[PDB]
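Chemist: Before I ask anything, here is the structure I am working with.
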Amino acid sequence: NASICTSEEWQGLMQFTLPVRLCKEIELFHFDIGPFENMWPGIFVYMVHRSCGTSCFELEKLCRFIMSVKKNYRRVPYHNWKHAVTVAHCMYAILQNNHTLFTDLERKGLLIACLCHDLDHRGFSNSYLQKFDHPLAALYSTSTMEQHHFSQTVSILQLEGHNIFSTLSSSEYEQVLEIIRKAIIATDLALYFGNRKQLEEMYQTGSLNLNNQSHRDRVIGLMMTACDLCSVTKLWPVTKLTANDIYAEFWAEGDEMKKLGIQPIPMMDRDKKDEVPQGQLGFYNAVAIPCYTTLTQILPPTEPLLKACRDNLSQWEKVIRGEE
Ligand SMILES: CCn1nc(C)c2ccccc2c1=O
Ligand SMILES: [Mg+2]
Ligand SMILES: [Zn+2]
């Protein structure tokens, strides 16, 4: 159905001014939004205006949208409002460093898709919902949550005074929603592996062409994964703290499986905390390093994301060796 923000919430956002010392900070890939909670809605407005312009969206409509988007996130340990803004910030840094490669419609679509990508998340994986016949898995067979997140995105845009894309042409509005839809779906990690493998082959053979739409869609997809997994690109102390949140949500899912007499995978088992550093080595080796390596090849200015991920891989290797 989607929840609406209050008049007080959106009007408070309209008046927000980002402190000048942070304008330079937000441009960095390693930027951590963590210590500026009150500013997160305002940080998103700032990023939208810098990337798309102050004339791109009607200020009141944009403020209503952000605040209603904020309300439609649940108070789960990881897949919350904080994660939405963190993923949107990383997209802003990628877009800013590759400005002319993407259209005005892609830049507005991607930043919106990133803030909306995990809308109404329940703290449960797709496999869990499918295994326990949850109504969301009956409605959406594959990429269960991701289809629900896009359904929630459309629902918020269809609220009163929330359609931030109304001023686009009928063809452009259709285009923007398709951009948002493919971007949200791409955040399903199960789709990433095949997507990155296709991109690798295209890059190595020299057949990758950003003029080709299917290629573009695949590049956008990898950008989505790269933003979604960005906690691995922060400074070590931030990366550790976000892992705690990721695991707290995983262990609660594992607890639900145990209550139903099902042993969860070690990742979702709170009695298997000792296995985490090896699980992180495996995740960096087969997921994060390949992701950021392919991203840096396609978009060389995204190199600092790979550099930070490689530093965090080094820290996890240091944990294993007994140097933590
Ligand atoms: C703690 C870093 N991390 N670690 C793991 C293991 C993971 C597994 C599936 C989806 C996302 C993640 C992830 O972000
Ligand atoms: Mg998700
Ligand atoms: Zn996410």
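Each position in the sequence shown, counted from 1, maps to that position plus 446 in the authors' numbering. All C-beta atoms, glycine included, are put in the ideal place defined by N, C-alpha and C.
Given a cut-off of 8 angstroms on the beta-carbon distance, is the pair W486 and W527 in contact?
Modeler: Yes. Within cutoff.
Chemist: Runs of 4 residues minimum, wholly inside the segment 574 to 608: which ones carry the alpha helix (DSSP H) assignment?
Modeler: For the segment 574 to 608, whole alpha helix (DSSP H) runs of length 4 or above, ordered along the chain, are 581 to 585, 590 to 603.
Chemist: Can you tell me whether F475 is buried or exposed, with buried defined as 16 or more other CB within 10 angstroms of its CB?
Modeler: Result: buried.
Chemist: Using a Cβ-Cβ cut-off of 8 angstroms (strictly less than) and excluding sequence neighbours within five positions of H661, which residues of its own chain qualify?
Modeler: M648, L654, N655.
Chemist: Please state whether the Cβ-Cβ distance between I766 and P712 is less than 8 angstroms.
Modeler: Cβ atoms of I766 and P712: not closer than 8 angstroms.
Chemist: Examine ligand 3 and report whether any of its heavy atoms sits within less than 7 angstroms of the Cβ of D691.
Modeler: Result no, Cβ not under 7 angstroms from ligand 3.
Chemist: Using a strict less-than 7 angstroms threshold between each residue's beta carbon and the heavy atoms of ligand 3, what residues do you get?
Modeler: The answer, residue by residue, is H525, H529, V533, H563, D564, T633, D674.
Chemist: Can you tell me whether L635 sits near ligand 1, meaning its C-beta is under 7 angstroms from at least one heavy atom of the ligand?
Modeler: Yes, the beta carbon of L635 sits closer than 7 angstroms to at least one heavy atom of ligand 1.
Chemist: Closest by CA to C451, which one among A539, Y586, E606?
Modeler: It is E606 whose Cα lies nearest to the Cα of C451.
Chemist: Please classify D564 as buried or exposed, where buried requires at least 16 neighbouring CB atoms within 10 angstroms.
Modeler: Classification for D564: buried.
Chemist: Quick one: grab the DSSP three-state call for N447.
Modeler: In this structure, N447 counts as coil in the three-state DSSP scheme.
Chemist: Counting Cβ pairs, one atom from each stretch, are 3 or more of them under 8 angstroms apart for the segment 564 to 576 and the segment 685 to 701?
Modeler: As far as the Cβ criterion goes, the segment 564 to 576 touches the segment 685 to 701, which means the pair count is three or higher.
Chemist: In three-state terms, what does DSSP make of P683?
Modeler: The answer is helix: DSSP assigns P683 an H, G or I state.
Chemist: Count Cβ pairs between the segment 506 to 515 and the segment 634 to 650 that sit closer than 8 angstroms; are there 3 or more?
Modeler: No, because fewer than three Cβ pairs between the segment 506 to 515 and the segment 634 to 650 fall closer than 8 angstroms, the two stretches do not touch.
Chemist: Cutting at 7 angstroms between CB atoms, please list the residues of its own chain near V533, excluding the five before and the five after it.
Modeler: Closer than 7 angstroms at the Cβ level, and outside the excluded window around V533, lie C560, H563, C673, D674, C676.
Chemist: Cα separation between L468 and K704?
Modeler: C-alpha separation (whole angstroms): 45 angstroms.
Chemist: Which residue wins for smallest C-alpha separation from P747, given the options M537, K577, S615?
Modeler: Per the Cα distances, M537.
Chemist: In whole angstroms, what separates the C-alpha of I666 from that of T590?
Modeler: Rounded to whole angstroms, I666 to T590 spans 20 angstroms at the Cα level.
Chemist: Please find out if some non-hydrogen atom of ligand 4 comes closer than 7 angstroms to the beta-carbon of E699.
Modeler: By its list of ligands, the structure shown excludes ligand 4, since it contains just ligand 1, ligand 2 and ligand 3.
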